[PDB]
Amino acid sequence: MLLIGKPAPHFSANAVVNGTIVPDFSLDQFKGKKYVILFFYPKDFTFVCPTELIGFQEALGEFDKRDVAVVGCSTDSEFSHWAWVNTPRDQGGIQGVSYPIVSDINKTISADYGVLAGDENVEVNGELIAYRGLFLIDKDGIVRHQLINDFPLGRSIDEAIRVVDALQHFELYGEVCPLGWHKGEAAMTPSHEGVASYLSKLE
Amino acid sequence: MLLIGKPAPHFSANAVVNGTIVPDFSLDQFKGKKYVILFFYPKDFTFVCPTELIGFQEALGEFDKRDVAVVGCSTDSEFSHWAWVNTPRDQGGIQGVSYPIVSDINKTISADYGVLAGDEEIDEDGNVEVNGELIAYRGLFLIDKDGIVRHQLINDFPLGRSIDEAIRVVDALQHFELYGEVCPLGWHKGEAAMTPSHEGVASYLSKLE
Amino acid sequence: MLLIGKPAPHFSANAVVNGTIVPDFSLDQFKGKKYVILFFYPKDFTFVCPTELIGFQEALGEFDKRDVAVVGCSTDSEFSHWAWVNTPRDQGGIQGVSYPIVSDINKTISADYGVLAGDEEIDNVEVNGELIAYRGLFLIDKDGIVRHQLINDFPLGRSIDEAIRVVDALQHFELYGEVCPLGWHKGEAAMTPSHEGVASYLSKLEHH
Amino acid sequence: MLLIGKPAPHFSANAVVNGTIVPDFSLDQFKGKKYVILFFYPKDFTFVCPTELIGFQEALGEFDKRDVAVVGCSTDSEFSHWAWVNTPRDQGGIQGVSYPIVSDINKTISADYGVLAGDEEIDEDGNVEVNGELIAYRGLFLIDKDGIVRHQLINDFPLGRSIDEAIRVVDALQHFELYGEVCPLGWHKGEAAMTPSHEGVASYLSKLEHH
Amino acid sequence: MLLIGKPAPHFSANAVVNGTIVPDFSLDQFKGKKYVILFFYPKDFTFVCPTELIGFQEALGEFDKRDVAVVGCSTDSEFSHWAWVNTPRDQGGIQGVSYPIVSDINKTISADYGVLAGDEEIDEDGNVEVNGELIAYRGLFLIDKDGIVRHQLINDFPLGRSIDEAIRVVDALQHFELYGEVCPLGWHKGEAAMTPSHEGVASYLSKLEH
Amino acid sequence: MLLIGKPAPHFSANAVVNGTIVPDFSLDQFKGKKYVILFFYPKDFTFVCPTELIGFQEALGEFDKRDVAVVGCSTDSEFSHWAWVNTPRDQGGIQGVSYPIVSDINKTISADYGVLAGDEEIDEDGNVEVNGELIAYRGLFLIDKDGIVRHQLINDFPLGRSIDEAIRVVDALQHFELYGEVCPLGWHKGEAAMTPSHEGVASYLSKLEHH
Amino acid sequence: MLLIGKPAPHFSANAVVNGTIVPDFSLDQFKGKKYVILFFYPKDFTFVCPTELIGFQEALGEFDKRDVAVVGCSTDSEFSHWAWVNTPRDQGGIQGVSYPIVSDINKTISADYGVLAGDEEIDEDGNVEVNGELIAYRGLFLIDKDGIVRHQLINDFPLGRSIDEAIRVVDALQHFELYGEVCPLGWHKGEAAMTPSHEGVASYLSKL
Amino acid sequence: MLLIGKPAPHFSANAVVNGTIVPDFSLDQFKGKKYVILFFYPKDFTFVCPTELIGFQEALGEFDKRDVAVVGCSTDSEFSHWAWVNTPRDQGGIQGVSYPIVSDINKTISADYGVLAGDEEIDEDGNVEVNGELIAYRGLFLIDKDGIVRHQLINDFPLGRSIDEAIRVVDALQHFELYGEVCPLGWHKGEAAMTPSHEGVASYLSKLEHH
Amino acid sequence: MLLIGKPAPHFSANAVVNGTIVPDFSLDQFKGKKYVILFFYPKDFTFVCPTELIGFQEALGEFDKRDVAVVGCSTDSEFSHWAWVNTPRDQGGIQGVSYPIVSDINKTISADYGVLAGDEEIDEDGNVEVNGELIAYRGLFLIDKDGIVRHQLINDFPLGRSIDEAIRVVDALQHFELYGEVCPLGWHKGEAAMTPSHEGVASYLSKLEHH
Ligand SMILES: [Ca+2]
Ligand SMILES: [Ca+2]
Ligand SMILES: [Ca+2]
Ligand SMILES: [Ca+2]
Ligand SMILES: [Ca+2]
Ligand SMILES: [Ca+2]
Ligand SMILES: [Ca+2]
């Protein structure tokens, strides 16, 4: 489903924050204060998912500098999350992951964000688990960027950081970010003069 | 909607291929033969859109080497596309863009791929009213040789995309197809992949330590 | 659609006025002030459409003297319009067209005015043909009421003369209460809408 | 209704042809043989309508030479039509009009062609009330030999139509059918048409800047 | 539909009154003042209809003396009516007909009175297809001064009506209104009516035996 | 209901024929053989109804000569009908009435012919409420040999009908059937009818004006 | 339908009371004052029906002494009833029947009491066809002073009813109302009733 | 429900026959062979019900002589019935009742025969609530050998029924079946019946008048 | 019916309490005062049901000590219940059963508690037919002092229940209510419970691994 330009759907669920189970976790707390990178993964105790979670843990300071809160989510229970953060990495665990890991135990968050796999007396084709979904949410709670990958295709922290940098650049300077833009490169004024001037300089 | 794991919706529209208007363009031709990178942009003759189109033209060799066809799409007419490829780049044009640029003139492609902006309503006697513009967001899809969507990405209007990220996802999909190894976070071609098993993930994570 | 005797459907869209993109263009501004000749064409950068747009530009004074605003419209974007008015005529452009060219980007204007081509069928929703505007033209009086409409197939260009003639007939009926007979032109004899009026008008045809 | 590019709706009704009442008149007979100019008017024995009908009768040869059948229609009965063609013109009649005048006595033809005036409403108990008069506006349709509508025009009650514009649209349609050239704004038979191509439109528009 | 004992449906249409087109004609004007004989015929410029209209014109005084307004109606336009009253009788016209002739141009009046011929059906493309002609049968209604229908009659197209029967029904209605006696079969003004009671019917039928 | 041009609704009920109760009486028996004058009255043992029934008995020969079967009907039972034909006329009875008197005991015939009085409603508790009496008004129908209704008439309760008008309408129907001439206003057997054509009506009206 | 324990449906119709046609006859008048024996019969001028009506007339005193109003009803008109009470008994008439005979001219009373014979079938358009005759079967109802039905009985057309059974049920109802004793099988006025309790039924059955 | 003239609804339930619980009891077995008197009572182990059941046992021979099978029914289980027939009469039991006593444990029989008390209603909460007790009133049905209901009677809870009235109605039905004579008011076996004709009723009432 | 965590459905019915028929029995009276063990059985005068009812009578003191009211229920009438408590046990009776035995005579309680056996289906005649018997399975519910169902059990007809398991679940619920410790598998009063926490479950299981 299309959430670009729309408010990130509200939820309130159990989560693991700093390795501790906490109730009533919501993205409300970040409105007006932090951007949010919210990412969904399919299953605790699997393969690409721990590497993605651990990598987000390693880059957590880079998101902190940018006023970005990192939030993970799967449809597993908060107790599976807790068991997993208490499993050492050399045993496949995600020990040391300290940002919030939301438990979408009813699958309503994954459904509302349009990342729930499977197809639906009531019978279900496939597994109702989340694909590798990622959303960039601005300080107003609006979705500005989304990405969904199939199960075997891990995501990239560099691209998430790049889109964060681009959004903040557009918010600061009103300049739109052209293809392949990175922090420090030339942006563009959104006008006829702007596009003619930017494209002439490239050639 | 959610197209991951599902066939990319079929279409058949006018397009500009190698600067020429052609009819009945479809992604059918690529089934069993090429991967497809399909990207939607909002409007001809604008700002971020020409930079994305030109950059895809410049990187076309990287996609050719990987058996990937690049296809652009907007809801503008095929003639607006043709005028745009016949406009020099220093005037905001996209001259030299040679891959197909599809005209989603009926907006059905953008709807089917879930990238169409705007909201529609039915009033008391107001028929269909639309809030906002029915144009495509900066949407991108990776379609494998069977026509299945394996990756999708949508950016708001002012956020241009990245060719490197598209190439990386192509490499990850092709690596998983060849070796059955899943690609971990931040993976690039030539780096260590992973065996999808308990021992595989445990051993992979031990090497990082 | 049947719009004669009914208000022209309201709209508010981006347009190019005097070669510049402007937002929130509507026919509201003309209610009580000007008549409107509103014409739809299918596609920017095509064939008959530039000749019609340029010709409406050349005859623009004939409409000004009659308190008629000329407004064109297609389902192309306002940026396509802007690119087209910046293309020289010898290359197929419509450079110098200065009256408002509305962008019906959502196709709701053409739908509401009954000029949108194509057929919509549900299976998703599939469309047979192209959802673009036919060569449609509407005369709207100062109260916002449609008094004349005409739609031509894609290859059949319209005529400025017939538009001016219908405008003259409407204004003559508004002024004198006389109905305009077949082939009436400004300055020719009209008719009083009564038994005596039609008998007298037709008798003179058999006297001269 | 939007009929451009679509078949002209079928009908079969009483008419006055050559001053005589005949049944089962339809435009089927013209498919593959003649173009049709079909025009609706609101009321027999009124004001603009006799001038339009008489003018079409006098210009009938111009349509005959172009393989065009002229057919008129209103929702009055065939007997009103018959009485009207037996009324001398100097008293408001349409004597001498010999082409078919269709009686749309049930108003289904006018409704199908999208020219029927009035507004239809249902009551709090289910009765059918009508605001205004269910009569035809000044509607005109050009139907090609395949029965497809290529041009349509509707005028308010006091605004008579123009035979010149009807002939011009016929000539433009026939020129496009014969030569595949599209007819630009204000085109008349014998003037330069246009090739529907990038080069064609560029060539046409460049020549206008000099001529 | 059955209108006996129910109000005559309201309408407001163009009509030709005394040979002149007038708008907003209604039977409301007659409420509390006059009875109404309202008759529908199918088509202007035809065959039985001019004879019925002319005959009503010739008998107009018999209805005036009885405080009865005569109103004709068809689904033709008011201009067809006007042309018809300006056509001489020796050419099939109805010249000299001066009472109101209503134009039921939308066919709603004929529908409301249940005299409209033809059959309407909606096809699966939305449009309405019609078998036959939506024109009025030869319908006649007697409406009292309260606007209530007391007598109705419908004839097929080739069967002209009878002025005598209309006058007889008017006289019977007025006699019952005045004296409260019910009118037996074949009753005419001046003949013996009947008291609506056991004794009344026994007495009336006894006298008929001689 | 509008029955002109439509088949008279079928029924099959008990009746009194020649003073005898008989079952399964229907107008089917007359199809192809006789016209039918079918008349409804409200109640046995009342006031106008016996005068109408007796008068139809007195004129029975006039209808026999014209191949017309006379049939009466009310929503009373066949036993009330039978008792009534066994009550002498000087006591309010209809002794001597010999044509069929149908018992519309279920009120379905009166409903089908559009002559049933009264108003039905559904009450609070889904009950069925009736305003007035579900009895037949003074309804009369002329049915031709094909079973099609050609003339219908309904009178309020206190207004007795007229045998002369029924016979006149019968003569008009039979004249149109025999000669194809339409019968003008006030036409009676032996007078001039009319050819349904322009010339026919013009000729008929000319003869009246100097007559 | 089951009316036992529920109010007898209200009605208001023409009737013949003491040989005279009267309007607006209803059982409301008896509420709080009299019991009602209400009986339906199929057709005036038939066979069992006159014997039942005459017998109810002859037994009228037994109902009067028990504060019971007798009311007959059929779907025939009030004038048919009046003609029938003016017919001598030796010719099949019901001369001398003086209690109210209701005219259920609309058949709504017979429907509301569930005694109307026949079957109604309805189609899409609503055309109502009927199998059989919509006339009342030989129905009888005992209504208490509150308007509550306490006993009902319906017989097929050829099976006449019994005055003794109606009077017996009246006696049983009045006995239960007065003494709170339930009436066993075959109970008659003056015979032993029963206390509605374990001991009451055990003691009653022991004596047999 | 109105069952007169209609087939007695079919059922198949457990019953106590001659003091023994048996399955699949139905009235089908009696079709074409015996009349049926089927009676419903509300509750086992109560007050009027044992007297009715015991009295029907005592009169069983009178019904046998008339080819009548007696069947009782309540919505109690077959085991309550069995316990009750094993309870001595001097303790309120129905020991010695040997004809079939049906267990309408699903209440469907009492519903089908229109003798079930109580009212069922559905809420907005979707639940089913019941006003009163869903038990059978004192209902009685006479079923002929073809399975058609010819007589029915329902009494309020405190009003016991009458064996005499059942016998009398049985005799009347059998008399009408044999002789085609209808039974007048108060008729008993051996008394004068009536021929269903005008003459029959006229003659019968005359003998009552003078004598 | 999943009632765990939801209020026990309300009812108000006739019952036998201490061998006496009483009206308007409800579990309302126990809210805030007593726990409720509510058990359904299929039929009076059968086989497993008397053993269960008598066994609950014998264990009544064990429930009294725990502030638990024992209530039985079947769809039999209150009079069948009364007869059954007046039958000696050596004849299959339940003499001496003094706690409330509810009569679910309308079957609404069994339906609301999800223990009603049988299958209902509506005929084409809108009629309701039932496959099987609408009787209660061997259902048991533990209801807390707030009226909330905390434990439920349903057995097929031939499988009698266990007093020990009912007492055990009562003890487990009361232990959790008093001390907030959850009761592990097979817990009995006096044995070690568990703190619902990570450390609590780890510590509980550590002690088991030794013993
Ligand atoms: Ca879900
Ligand atoms: Ca669309
Ligand atoms: Ca649209
Ligand atoms: Ca219509
Ligand atoms: Ca009916
Ligand atoms: Ca039930
Ligand atoms: Ca139930």
# chains A, B, ... in the order shown; residues from 1 in each chain; ligands from 1
$ interface_residues --of "chain G" --to "chain E" --cutoff "12 Å" --atoms "only C-alpha atoms" --output "ChimeraX atom specification"
/G:20-21,79,82-83,86
$ write_last_selection --atoms "C-alpha atoms" --output "PDB file, in the first residue's frame"
ATOM      1  CA  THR G  20     -80.288  -5.255  12.575  1.00  0.00           C
ATOM      2  CA  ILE G  21     -77.149  -4.120  10.747  1.00  0.00           C
ATOM      3  CA  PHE G  79     -76.241  -7.738   4.172  1.00  0.00           C
ATOM      4  CA  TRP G  82     -79.253  -9.754   7.415  1.00  0.00           C
ATOM      5  CA  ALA G  83     -80.887 -11.646   4.548  1.00  0.00           C
ATOM      6  CA  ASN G  86     -84.753 -12.860   7.653  1.00  0.00           C
TER       7      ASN G  86
END
$ residues_near_ligand --ligand "ligand 1" --cutoff "12 Å" --atoms "only C-alpha atoms and all ligand atoms" --output "list in words"
residues 75, 104, 105, 106, 107, 108, 109, 110, 111, 112, 113, 114, 115, 116, 117, 118, 119, 120, 122, 124, 127, 128, 129 and 130 of chain A
$ atom_distance --atom1 "CA of residue 114 (chain G)" --atom2 "CA of residue 166 (chain G)"
18.9 Å
$ residues_around --residues "region 156-158 of chain C" --least-positions-apart "2" --cutoff "12 Å" --atoms "only C-alpha atoms" --output "PyMOL selection string"
(chain C and resi 39-42+47-53+55-56+134-137+149-154+160-164) or (chain D and resi 4+142+150-153+165-166+168-177+180-188+193-194+196)
$ residues_around --residues "region 1-4 of chain A" --least-positions-apart "3" --cutoff "9 Å" --atoms "only C-alpha atoms" --output "JSON, numbers by chain"
{"A": [7, 8, 9, 112, 113, 114, 115, 142, 143, 144, 145, 146], "B": [1, 2, 114, 115, 116, 117, 137, 154, 155, 156]}
$ write_last_selection --atoms "N, CA and C atoms" --output "CSV table (one decimal), in the first residue's frame"
chain,number,residue,atom,x,y,z
A,7,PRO,N,0.5,10.0,6.9
A,7,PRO,CA,1.0,9.8,8.3
A,7,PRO,C,1.3,8.3,8.5
A,8,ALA,N,2.4,8.1,9.1
A,8,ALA,CA,2.7,6.7,9.5
A,8,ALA,C,1.6,6.1,10.4
A,9,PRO,N,1.1,5.0,10.1
A,9,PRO,CA,0.0,4.5,10.9
A,9,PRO,C,0.3,4.3,12.4
A,112,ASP,N,-1.0,-2.7,8.4
A,112,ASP,CA,-1.3,-1.3,8.3
A,112,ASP,C,-0.1,-0.6,7.5
A,113,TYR,N,1.1,-1.1,7.6
A,113,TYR,CA,2.2,-0.6,6.8
A,113,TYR,C,2.4,-1.3,5.5
A,114,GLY,N,1.6,-2.3,5.1
A,114,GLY,CA,1.6,-2.9,3.8
A,114,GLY,C,2.8,-3.8,3.5
A,115,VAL,N,3.4,-4.4,4.6
A,115,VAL,CA,4.6,-5.2,4.4
A,115,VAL,C,4.3,-6.7,4.8
A,142,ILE,N,5.1,11.9,9.0
A,142,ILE,CA,4.8,11.6,7.6
A,142,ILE,C,5.8,10.7,7.0
A,143,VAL,N,5.4,9.7,6.2
A,143,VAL,CA,6.3,8.8,5.5
A,143,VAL,C,6.8,9.5,4.3
A,144,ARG,N,8.2,9.6,4.1
A,144,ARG,CA,8.8,10.2,3.0
A,144,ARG,C,9.5,9.3,2.1
A,145,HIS,N,9.8,8.0,2.6
A,145,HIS,CA,10.5,7.1,1.8
A,145,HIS,C,10.2,5.7,2.3
A,146,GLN,N,10.0,4.7,1.4
A,146,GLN,CA,9.7,3.4,1.7
A,146,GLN,C,10.4,2.4,0.8
B,1,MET,N,-0.1,-1.9,-4.3
B,1,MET,CA,-0.1,-2.7,-3.0
B,1,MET,C,1.2,-3.3,-2.7
B,2,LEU,N,1.2,-4.5,-2.2
B,2,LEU,CA,2.4,-5.3,-1.9
B,2,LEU,C,2.6,-6.2,-3.0
B,114,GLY,N,0.9,0.6,-7.4
B,114,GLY,CA,0.9,1.2,-6.1
B,114,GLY,C,1.7,2.5,-5.9
B,115,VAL,N,2.0,3.2,-7.0
B,115,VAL,CA,2.8,4.4,-6.9
B,115,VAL,C,2.0,5.7,-7.3
B,116,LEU,N,0.7,5.6,-7.6
B,116,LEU,CA,-0.1,6.7,-8.0
B,116,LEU,C,-0.4,7.6,-6.8
B,117,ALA,N,-0.1,8.8,-6.9
B,117,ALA,CA,-0.4,9.8,-5.8
B,117,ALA,C,-1.9,10.2,-5.9
B,137,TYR,N,4.7,8.6,-7.9
B,137,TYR,CA,5.8,8.9,-7.0
B,137,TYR,C,7.1,8.3,-7.6
B,154,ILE,N,10.0,3.4,-3.0
B,154,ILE,CA,9.2,4.6,-3.4
B,154,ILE,C,9.7,5.8,-2.6
B,155,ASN,N,10.0,6.9,-3.3
B,155,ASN,CA,10.5,8.1,-2.7
B,155,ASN,C,9.5,9.2,-2.9
B,156,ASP,N,9.4,10.1,-1.9
B,156,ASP,CA,8.7,11.3,-2.1
B,156,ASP,C,9.3,12.1,-3.3
$ select_by_dssp --residues "chain G" --states "strand (DSSP E or B)" --output "mmCIF file with C-alpha atoms, in the first residue's frame"
data_model
loop_
_atom_site.group_PDB
_atom_site.id
_atom_site.type_symbol
_atom_site.label_atom_id
_atom_site.label_comp_id
_atom_site.auth_asym_id
_atom_site.auth_seq_id
_atom_site.Cartn_x
_atom_site.Cartn_y
_atom_site.Cartn_z
ATOM 1 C CA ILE G 4 -53.577 -19.226 24.015
ATOM 2 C CA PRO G 7 -54.959 -11.130 23.835
ATOM 3 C CA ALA G 13 -66.605 -4.333 11.805
ATOM 4 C CA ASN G 14 -70.215 -4.316 10.709
ATOM 5 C CA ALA G 15 -72.439 -6.914 12.339
ATOM 6 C CA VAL G 16 -76.055 -7.982 12.635
ATOM 7 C CA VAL G 17 -77.211 -7.567 16.234
ATOM 8 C CA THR G 20 -80.288 -5.255 12.575
ATOM 9 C CA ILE G 21 -77.149 -4.120 10.747
ATOM 10 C CA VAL G 22 -74.933 -2.088 13.096
ATOM 11 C CA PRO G 23 -71.466 -0.571 12.517
ATOM 12 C CA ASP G 24 -68.235 -0.588 14.525
ATOM 13 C CA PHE G 25 -68.932 -3.804 16.419
ATOM 14 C CA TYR G 35 -66.340 -13.468 28.777
ATOM 15 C CA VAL G 36 -66.655 -14.058 25.027
ATOM 16 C CA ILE G 37 -67.431 -17.204 23.061
ATOM 17 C CA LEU G 38 -66.416 -16.172 19.534
ATOM 18 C CA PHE G 39 -67.057 -18.678 16.757
ATOM 19 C CA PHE G 40 -66.325 -18.585 13.020
ATOM 20 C CA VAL G 68 -70.520 -14.993 28.480
ATOM 21 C CA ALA G 69 -71.325 -12.993 25.345
ATOM 22 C CA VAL G 70 -71.806 -15.124 22.221
ATOM 23 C CA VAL G 71 -70.471 -13.691 18.944
ATOM 24 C CA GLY G 72 -70.523 -15.374 15.549
ATOM 25 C CA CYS G 73 -68.431 -14.374 12.553
ATOM 26 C CA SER G 74 -67.975 -15.204 8.888
ATOM 27 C CA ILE G 101 -73.095 -12.008 13.825
ATOM 28 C CA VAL G 102 -69.956 -10.191 12.646
ATOM 29 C CA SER G 103 -69.209 -9.514 8.970
ATOM 30 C CA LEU G 116 -58.832 -18.560 7.438
ATOM 31 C CA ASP G 119 -53.371 -20.890 0.552
ATOM 32 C CA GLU G 120 -51.917 -17.671 -0.876
ATOM 33 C CA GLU G 121 -48.956 -17.708 -3.266
ATOM 34 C CA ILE G 122 -47.145 -14.536 -4.345
ATOM 35 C CA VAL G 128 -51.443 -12.917 -5.525
ATOM 36 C CA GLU G 129 -52.921 -16.290 -6.466
ATOM 37 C CA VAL G 130 -55.000 -18.369 -4.060
ATOM 38 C CA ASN G 131 -55.434 -22.136 -3.859
ATOM 39 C CA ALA G 136 -63.122 -19.471 7.819
ATOM 40 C CA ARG G 138 -65.272 -23.858 12.190
ATOM 41 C CA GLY G 139 -63.236 -21.980 14.770
ATOM 42 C CA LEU G 140 -64.172 -21.270 18.378
ATOM 43 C CA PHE G 141 -62.401 -19.148 20.996
ATOM 44 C CA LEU G 142 -63.002 -18.558 24.701
ATOM 45 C CA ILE G 143 -61.888 -15.052 25.725
ATOM 46 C CA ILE G 148 -57.011 -13.212 26.878
ATOM 47 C CA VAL G 149 -57.666 -16.374 24.872
ATOM 48 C CA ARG G 150 -57.939 -19.373 27.212
ATOM 49 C CA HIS G 151 -59.317 -22.052 24.855
ATOM 50 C CA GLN G 152 -59.520 -22.522 21.115
ATOM 51 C CA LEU G 153 -60.850 -25.200 18.795
ATOM 52 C CA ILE G 154 -61.026 -25.514 15.000
ATOM 53 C CA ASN G 155 -63.062 -28.105 13.086
ATOM 54 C CA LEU G 159 -67.795 -31.474 11.554
ATOM 55 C CA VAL G 182 -56.975 -26.787 38.198
ATOM 56 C CA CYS G 183 -59.573 -28.836 36.342
ATOM 57 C CA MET G 194 -57.472 -30.418 42.005
#
$ interface_residues --of "chain I" --to "chain G" --cutoff "12 Å" --atoms "only C-alpha atoms" --output "mmCIF file with N, CA, C and O atoms, in the first residue's frame"
data_model
loop_
_atom_site.group_PDB
_atom_site.id
_atom_site.type_symbol
_atom_site.label_atom_id
_atom_site.label_comp_id
_atom_site.auth_asym_id
_atom_site.auth_seq_id
_atom_site.Cartn_x
_atom_site.Cartn_y
_atom_site.Cartn_z
ATOM 1 N N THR I 20 -36.400 -28.500 46.765
ATOM 2 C CA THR I 20 -37.611 -27.712 46.581
ATOM 3 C C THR I 20 -37.521 -26.887 45.304
ATOM 4 O O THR I 20 -36.482 -26.283 45.020
ATOM 5 N N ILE I 21 -38.617 -26.856 44.540
ATOM 6 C CA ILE I 21 -38.669 -26.048 43.326
ATOM 7 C C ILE I 21 -38.751 -24.575 43.699
ATOM 8 O O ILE I 21 -39.620 -24.162 44.477
ATOM 9 N N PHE I 79 -39.589 -30.020 37.335
ATOM 10 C CA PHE I 79 -40.349 -31.128 37.903
ATOM 11 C C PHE I 79 -39.656 -32.472 37.706
ATOM 12 O O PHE I 79 -39.733 -33.330 38.592
ATOM 13 N N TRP I 82 -37.139 -32.433 40.444
ATOM 14 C CA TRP I 82 -37.779 -32.688 41.730
ATOM 15 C C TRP I 82 -38.110 -34.165 41.897
ATOM 16 O O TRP I 82 -37.875 -34.745 42.963
ATOM 17 N N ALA I 83 -38.651 -34.790 40.853
ATOM 18 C CA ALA I 83 -38.893 -36.224 40.911
ATOM 19 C C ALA I 83 -37.595 -36.995 41.135
ATOM 20 O O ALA I 83 -37.569 -37.983 41.877
ATOM 21 N N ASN I 86 -36.281 -37.080 44.615
ATOM 22 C CA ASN I 86 -37.151 -37.880 45.464
ATOM 23 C C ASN I 86 -37.124 -39.359 45.100
ATOM 24 O O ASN I 86 -37.988 -40.117 45.553
#
$ residues_near_ligand --ligand "ligand 2" --cutoff "12 Å" --atoms "only C-alpha atoms and all ligand atoms" --output "VMD selection string"
(chain B and resid 75 104 to 120 128 130 133 to 136) or (chain C and resid 105 to 108 118 to 122 124 to 127 130 to 131)
$ residues_around --residues "region 34-37 of chain H" --least-positions-apart "4" --cutoff "6 Å" --atoms "only C-alpha atoms" --output "ChimeraX atom specification"
/H:30,67-70,141-145
$ write_last_selection --atoms "N, CA, C and O atoms" --output "tab-separated table (two decimals), in the first residue's frame"
chain	number	residue	atom	x	y	z
H	30	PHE	N	-49.12	-45.34	11.02
H	30	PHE	CA	-50.58	-45.36	11.06
H	30	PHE	C	-51.21	-44.91	9.76
H	30	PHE	O	-52.42	-45.11	9.57
H	67	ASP	N	-60.76	-47.72	15.58
H	67	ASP	CA	-59.56	-47.72	14.73
H	67	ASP	C	-58.71	-46.46	14.96
H	67	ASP	O	-58.13	-45.91	14.02
H	68	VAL	N	-58.62	-46.03	16.21
H	68	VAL	CA	-57.92	-44.80	16.59
H	68	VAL	C	-56.73	-45.15	17.49
H	68	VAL	O	-56.91	-45.73	18.56
H	69	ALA	N	-55.53	-44.75	17.07
H	69	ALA	CA	-54.34	-44.84	17.90
H	69	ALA	C	-54.19	-43.56	18.70
H	69	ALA	O	-54.27	-42.46	18.14
H	70	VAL	N	-53.98	-43.70	20.00
H	70	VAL	CA	-53.78	-42.57	20.91
H	70	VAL	C	-52.29	-42.38	21.14
H	70	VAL	O	-51.58	-43.34	21.47
H	141	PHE	N	-55.10	-33.13	18.43
H	141	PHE	CA	-55.30	-33.22	16.99
H	141	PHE	C	-55.91	-34.57	16.61
H	141	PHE	O	-55.49	-35.62	17.12
H	142	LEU	N	-56.92	-34.52	15.74
H	142	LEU	CA	-57.49	-35.69	15.10
H	142	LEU	C	-56.95	-35.80	13.68
H	142	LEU	O	-57.12	-34.87	12.88
H	143	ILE	N	-56.30	-36.91	13.37
H	143	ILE	CA	-55.66	-37.16	12.09
H	143	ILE	C	-56.36	-38.34	11.44
H	143	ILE	O	-56.49	-39.40	12.06
H	144	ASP	N	-56.80	-38.16	10.19
H	144	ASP	CA	-57.48	-39.25	9.51
H	144	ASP	C	-56.45	-40.25	8.98
H	144	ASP	O	-55.24	-40.08	9.14
H	145	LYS	N	-56.94	-41.31	8.33
H	145	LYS	CA	-56.05	-42.38	7.88
H	145	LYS	C	-55.13	-41.94	6.74
H	145	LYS	O	-54.12	-42.60	6.49
$ calpha_fit_rmsd --fixed "chain F" --moving "chain I"
0.3 Å
